[PDB]
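Okay, so we've got a single protein chain in two different forms coming up as structure tokens, structure 1 first and structure 2 after it.
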Structure 1
């Protein structure tokens, strides 16, 4: 989560492996309709509870999409259509902290040879520094995210760890990610504080752990 961002500029977006524009044409109950959407990948998330530190493991990082959307709120029109000349430097622009979010460890399912559990284990090592095995993972929920513009499905896993599995670092492969250990005592106040940029996966992860897992511990 290196909040140090410079040279922020918005340019044209032609072709991406992550954003593929498509149109579904269809008839619903006889009525001809169309819908423009983006083909994107499914994903997985994992909530880790470190029972030694009595803390939940989260990740903090810079999200360029969040930063861009935040520049638009405080300076309307900053994200207008870019001409063919080249990327337009965002002026005025916000500090990189505007794009800094707190999330669950997450990763895309964009490699055909890895299971959902294997993607979750790979991401927990690269981002959080914890050694996980697929047999240590439990499925919490599988849901659809962004039903309006994408049909992506995200699967949330839960797992319990100690420092004995933190045999190395996260922070991406080098990617700049800061690992966050949230003590259980202040976890609910963390999730409810709008001053922190959080995802729904974090709010639900914390809420689900405290209401269903924590009362059955010890």
Structure 2
């Protein structure tokens, strides 16, 4: 359903609420330089372990920027000199479907990072969390080359008693990855995923799974 993508076309983007390209001009040890980047929000990510199912909770969705990069890789020149053309040839929508950690932007003032992660775990994963349930795994710079944003990773264990039914949050597929093949899943090069997934899986297996 969410992997069904047709009529894909690419065009130049002028104004956008989501793209804030900027250039920093600066003198570094006397020499004048410039650097191109984008203003973006900080973010949080949360890894959930469902102990009732012995499974890590991830999310699957279509990422248009991933899709377009995959189309370019397979058909070079697809995204060339665009500055509204139909992608011919194109790829199935599954080429842009990623596996990710539950994640969201820090763009609501008055909310702690924990509260942001709880809202995203509800809205994306259908899991009811309390902010005090969350343990900070790591904080780091994401996208140091083009974005200056901090990202904070949380972890929490959940049970099926915290899982919402089908429907509920008024398109994302919730993924439950069994611990059996979790490492093999992260190591699988044919599955488009993020470093947060790869790190989250190996961190959980080496830091949490032994103590269960």
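Positions refer to the first chain, counted from 1. By rigid core we mean the largest C-alpha set that fits within 1.5 Å across both forms.
- Residue displacement note: residue 194 has its CA displaced by under 2 Å between structure 1 and structure 2 (rigid core superposed).
- With the core held fixed between structure 1 and structure 2, residue 168 has its Cα displaced by at least 2 Å.
- With the core held fixed between structure 1 and structure 2, residue 23 has its Cα displaced by under 2 Å.
- Aligning the rigid core leaves the CA of residue 14 displaced by 1.6 Å between structure 1 and structure 2.
- On the core-superposed pair, the CA position of residue 57 changes by 0.3 Å between structure 1 and structure 2.
- Taking the core as reference, the C-alpha deviation of residue 114 between structure 1 and structure 2 is 2.5 Å.
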